[PDB]
Amino acid sequence: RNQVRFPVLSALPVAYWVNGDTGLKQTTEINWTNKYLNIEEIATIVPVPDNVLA
Amino acid sequence: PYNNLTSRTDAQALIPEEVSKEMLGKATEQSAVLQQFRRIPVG
Numbered sequence: 056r057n058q059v060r061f062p063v064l065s066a067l068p069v070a071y072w073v074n075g076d077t078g079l080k081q082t083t084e085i086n087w088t089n090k091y092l093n094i095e096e097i098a099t100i101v102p103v104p105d106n107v108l109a
Numbered sequence: 013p014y015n016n017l018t019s020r021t022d023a024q025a026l027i028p029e030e031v032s033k034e035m036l037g038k039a040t041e042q043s044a045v046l047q048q049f050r051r052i053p054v055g
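As you go down the protein sequences, you meet chains G and F in turn.
The deposited numbering puts the first residue of the first sequence at 56, with every later residue one more than the last.
The deposited numbering puts the first residue of the second sequence at 13, with every later residue one more than the last.
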């Protein structure tokens, strides 16, 4: 089809230590965004006299 | 860091569209004159 959309990453997770057997565990996001690719013509035309092709 | 809630917009790019067409299209009346008038062939 005439155009395509690609998803891609935009933010990364991270991770953390814990104090002993019991301490607060933490939190992180993961984020995405878009890229596009468009499509275009390339074309050429050539003429020849009919008899030459025979 | 205890508030890093992933939003809808953070993930939105991953969600595909969808489209459906059951309401596309329309009815047609047949032409009145060809319904009513007497047909005759012609060459």
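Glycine included, C-beta positions come from ideal geometry on N, C-alpha and C.
Helix, strand or coil: how does DSSP classify residue i here?
i                    : result
G:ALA66              : strand
G:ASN89              : strand
G:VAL107             : helix
G:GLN58              : strand
F:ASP22              : helix
residue 3 of chain F : The requested residue 3 of chain F is not part of the displayed model; chain F covers only 13 to 55.
For a contact meaning CB atoms closer than 9 angstroms, what does residue i contact in chain G?
i       : result
F:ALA23 : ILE85, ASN86 and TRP87
Along chain F, in chain order, which residues have C-beta atoms closer than 8 angstroms to that of residue i?
i       : result
G:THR82 : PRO13, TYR14, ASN15, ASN16 and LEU17
Listing by chain order, which chain G residues have their CB less than 7 angstroms from the CB of residue i?
i       : result
F:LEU26 : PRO62 and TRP87
Is it the case that the region 84-101 of chain G contacts the region 29-42 of chain F, given that we only count it when at least three CB pairs across the two stretches are under 8 angstroms? no
Examine the Cβ distances between the region 64-76 of chain G and the region 84-94 of chain G and report whether three or more of them are shorter than 8 angstroms. yes
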